[PDB]
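Here is the structure we will look at, set down as structure tokens.
Positions of Cβ are backbone-derived with ideal geometry, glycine not excepted, and every protein chain shown enters the neighbour counts. Computed from the coordinates by the stated procedures, all read-outs in this text should not be read as laboratory data.
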Ligand SMILES: *[C@@H]1O[C@H](CO)[C@@H](O)[C@H](O)[C@H]1NC(C)=O
Ligand SMILES: *[C@@H]1O[C@H](CO)[C@@H](O)[C@H](O)[C@H]1NC(C)=O
Ligand SMILES: *[C@@H]1O[C@H](CO)[C@@H](O)[C@H](O)[C@H]1NC(C)=O
């Protein structure tokens, strides 16, 4: 996954995308997560060496686009 | 409630939520109201007789 924002310390808004092998969780909640950042307020929420994955993230006009 | 103090002009459709007491300049405040330390959150007190 990826986590976005400006300060990321439960003060202002922070994006979160996590793939948990069944769905794609997208949250904008500011709250903290697992203390070690690894895999074992919500105004917007969206639930859906052999491999090379390419992504492009950009942010224009308040819009987050993912290619 | 409405704003009168901010340190920057917001980009279109932006959602930075911050209701702390803001400085009026370079003087630090540390969350203490006073001179050059003003709250942005004001009200208009909507009455039907205005
Ligand atoms: C993945 O996250 C979604 C959203 O909370 C949840 O419904 C689902 O059960 C999760 N799957 C696993 C395997 O943790
Ligand atoms: C979550 O929402 C409550 C209600 O406004 C707020 O008091 C709290 O600070 C929020 N949590 C954050 C911003 O981490
Ligand atoms: C976005 O956040 C940064 C924090 O590093 C800040 O400096 C910048 O002014 C912010 N942009 C705004 C409020 O448009």
Label-to-label distance, nm, for residues given as residue B:27 and residue A:8 (7 Å Cα→Cβ offset) = 3.6
Using a Förster distance of 25 Å, the FRET efficiency for residue B:49-residue B:8 (Cβ separation, nearest 0.05) = 0.10
How high is the FRET efficiency between residue A:22 and residue A:59 when r is their beta carbon distance and R₀ equals 25 Å, given to the nearest 0.05?
-> 0.35
Chain B shape via C-alpha gyration tensor axes, a/c threshold 1.5 = oblate
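Which of the three applies to the protein assembly as shown, rounded, prolate or oblate, going by the alpha-carbon gyration tensor with a ≥ b ≥ c and a/c under 1.5 meaning rounded? Don't jump to the answer; show the numbers that get you there.
Working: a/c = 2.53, a/b = 2.10, b/c = 1.20.
Prolate is the answer for the protein assembly as shown, as a/c is 1.5 or above and a/b outweighs b/c.
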Could you list the square roots of 5 times each eigenvalue of the Cα gyration tensor of chain A, that is, the equivalent ellipsoid semi-axes, sorted largest first and rounded to whole Å?
-> 20, 17, 12
